[PDB]
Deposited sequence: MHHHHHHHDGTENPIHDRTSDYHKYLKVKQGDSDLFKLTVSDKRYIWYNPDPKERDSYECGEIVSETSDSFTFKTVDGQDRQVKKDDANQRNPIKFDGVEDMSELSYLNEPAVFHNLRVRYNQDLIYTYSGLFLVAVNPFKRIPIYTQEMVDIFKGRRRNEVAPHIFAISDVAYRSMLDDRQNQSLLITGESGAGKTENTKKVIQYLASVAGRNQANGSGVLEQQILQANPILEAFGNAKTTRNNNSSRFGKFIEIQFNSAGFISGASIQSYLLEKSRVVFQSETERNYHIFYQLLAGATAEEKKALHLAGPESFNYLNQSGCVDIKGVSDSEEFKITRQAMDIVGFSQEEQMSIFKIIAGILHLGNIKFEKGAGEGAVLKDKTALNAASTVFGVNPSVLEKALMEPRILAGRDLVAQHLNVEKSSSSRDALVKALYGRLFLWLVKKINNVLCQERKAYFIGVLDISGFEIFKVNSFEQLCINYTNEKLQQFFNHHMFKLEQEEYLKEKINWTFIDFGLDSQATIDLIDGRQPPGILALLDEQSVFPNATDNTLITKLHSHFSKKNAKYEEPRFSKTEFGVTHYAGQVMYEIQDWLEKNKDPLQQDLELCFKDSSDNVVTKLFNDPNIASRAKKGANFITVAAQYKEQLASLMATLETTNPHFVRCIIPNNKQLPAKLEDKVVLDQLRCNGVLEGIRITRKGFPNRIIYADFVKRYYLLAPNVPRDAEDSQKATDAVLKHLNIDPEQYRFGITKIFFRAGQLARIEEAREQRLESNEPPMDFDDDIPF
């Protein structure tokens, strides 16, 4: 008997919470289900926790919010049903989810572009082109800037979907092939200097970037610009085991010419301190030599002179030499020239006088009273100032590359923009430090921005449909965690870090003690663990993350010695001089301010949300793994959207469509009944449906989660029955 059967998604091992199987419900009580596992054991589950399986009619829906059992394994299942038909795009409420097929699919042709022109989301299948077109028409209709927030680690398709957005916009708004290629060739340059191998991804973005596609008031593409945010400069001087420095370093050493190698005095990576501690210098399946060629070509395409290109690589090389400088305490308080080979190599490439540099590194002068005093520094402080020099140099170089790229892109006659945002994703390593807290804070704020945007649209939808149901701002769900990190009163983690940083005698231990004293057992989003003395936990939208406090006081300071700045202002290199002559705040306060400026920008826009994901970690086509997929959906906020969506009345059916499907569940209700609302009510009343589970709108019946599934199950049963139920 087919239609008596009900299925459930369950975890064979609850602690592997994203690995599911399909079980069969056999018994039902007030508050629970009993079901049978795939191998035959019976289990129980509370109805409040149960993940029922949607009837087959729901398989393949284009928007996850149409699912009636809206739950995490059901979401995976729908994504899989579409993926197994080579439908890689699916909506989940406001999100567009894009799953990498790891093979070529011809869905980005000129015939496909044309189908999406002027079509609203509900008239065409899910597609990145559909997202792009709606953004473009909204921009013009509302005279408002747009943002596209696109997630995805390398391998997921984020770069390919960004390219598709740009290609589409150029096709619907171009008159502009040279601009488009210039925009696209920015990414290999920034990636070389802003991406790195971590333990979780071979090509991780360690910075955020907003690409503006600019339009004139008439709607034609008129230019572009790029803005960068929040580059992680700490990686330049230290990498954790098995990770790498920024790509550009390995690209330079592997693909440079023999003369370039000689001219810049460079050996292999493990010859250099900054690239030789992690134990990893190469990435399987990646050729740093080829990538370097790709970088060079991109720089040519976007207008970098050969003169500039050589000075860029001189600074990259200079940083490497600076890193191999070994300070030694010539016995006494101070540090000495140990061996001058690294310094002169750095000074050669930088165009700087070497004797000036070593003096500014170990014996910087700062005004004592109101006159100069040569401060001789010990080896420790000499190394840190050397490290701060490197980090200042890399970050100034990064900002210069951005400025140079923007110079070549036009920005005249801009009226509007459609902006693509690409930021470091939510990340949990084995050990998480201050860098991870900052990244995860950014993502908490970005998810709050999504949630709040969803809220404003849901408020309008319920108002328009005249639905008797109230709900509070979804963004409030994020506020406890955000306040715990960035709050002022009560002070959050970053405020307390700042308060401790001003005392030179503060320590790792005084800082963690202060954090525990403020938050342990007092804030539900914070955890003091029972056995670590150096870690605390924060409950993010994407899960708890444990943070290790070691070195955070030093990480929160970024002083640079003026004598170092003065030294580099004199240099021969045209680029180097720019880094220092174009024009007290802690790192945490900087991070907070830069994030606040990004958020301000985003608040002026109408946002669109694209979530690119990989189906598995083996780059294989036709292979989904729920564990892999659900981790990404948790981190990128799709499962947070589901959490919110499943709480109200997610399923919303035009009355006539409801009647066309379910008229047969009630006597004397015609399939094409004239008064569709009255027929809907007749079906619901005949079925004895609890009226708390639905609301009548002006044009649609709204259902709580699960209720439409039960009606569907009754239809499945009625069709194969010899008479109506008893």
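Visitor: Which segments of the deposited sequence lack C-alpha coordinates in the modelled structure, numbering from residue 1?
Guide: Sequence ranges with no C-alpha atoms are 1 to 38, 214 to 218, 627 to 637, 781 to 788.
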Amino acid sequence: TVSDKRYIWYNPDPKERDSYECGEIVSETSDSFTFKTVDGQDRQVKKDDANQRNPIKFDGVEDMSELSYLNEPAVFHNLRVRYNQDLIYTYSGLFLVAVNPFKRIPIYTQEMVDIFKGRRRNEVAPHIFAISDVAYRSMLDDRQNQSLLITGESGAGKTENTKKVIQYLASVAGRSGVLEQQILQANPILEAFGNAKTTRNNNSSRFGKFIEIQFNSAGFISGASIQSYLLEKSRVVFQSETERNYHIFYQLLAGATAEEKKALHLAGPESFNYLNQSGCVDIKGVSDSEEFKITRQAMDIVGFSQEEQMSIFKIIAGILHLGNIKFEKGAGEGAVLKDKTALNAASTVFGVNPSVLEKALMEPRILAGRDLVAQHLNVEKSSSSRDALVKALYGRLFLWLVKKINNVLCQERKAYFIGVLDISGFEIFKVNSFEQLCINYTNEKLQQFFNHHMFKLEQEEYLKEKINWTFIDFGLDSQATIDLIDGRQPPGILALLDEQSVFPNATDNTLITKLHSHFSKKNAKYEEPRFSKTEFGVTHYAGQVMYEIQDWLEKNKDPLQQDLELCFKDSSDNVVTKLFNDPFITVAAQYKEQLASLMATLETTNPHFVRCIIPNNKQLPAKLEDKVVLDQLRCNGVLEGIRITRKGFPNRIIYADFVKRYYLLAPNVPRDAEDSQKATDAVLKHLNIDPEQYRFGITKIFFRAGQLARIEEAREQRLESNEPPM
From here on, numbers count along this sequence of modelled residues.
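Visitor: Mind pulling up the entry and telling me whether 66 to 74 or 46 to 54 has the higher mean Cα temperature factor?
Guide: It is 46 to 54 that shows the higher mean C-alpha B-factor.
Visitor: Tell me which stretch has the larger mean Cα B-factor in this entry, 527 to 535 or 179 to 187.
Guide: In the deposited entry, the stretch with the higher C-alpha B-factor mean is 179 to 187.
Visitor: Of the options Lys592, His265, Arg643, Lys618, which has the highest CA B factor as deposited?
Guide: Of the options given, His265 has the highest CA B-factor in the PDB entry.
Visitor: Using only the C-alpha B-factors in the record, can you name which of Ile301, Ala156, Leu87, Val545 has the highest?
Guide: If I rank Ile301, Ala156, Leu87, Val545 by C-alpha B-factor, first place goes to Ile301.
Visitor: In terms of the CA temperature factor given in the entry, to which third of its chain does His453 belong: lowest, middle or highest?
Guide: CA B-factor rank for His453: lowest third.
Visitor: Sorting by Cα B-factor within the chain, modelled residues only, which third would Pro667 end up in: lowest, middle or highest?
Guide: According to the entry, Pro667 has a C-alpha B-factor in the chain's middle third.
Visitor: Of the three thirds of its chain by CA temperature factor, lowest, middle or highest, which one includes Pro490?
Guide: CA B-factor rank for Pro490: lowest third.
Visitor: How does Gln375 rank on Cα B-factor within its chain, lowest, middle or highest third?
Guide: Within its chain, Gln375 is a highest-third residue by C-alpha B-factor, going by the deposited values.
Visitor: Within this chain's modelled residues, let me know which third the CA B factor of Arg120 belongs to: lowest, middle or highest.
Guide: According to the entry, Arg120 has a C-alpha B-factor in the chain's middle third.
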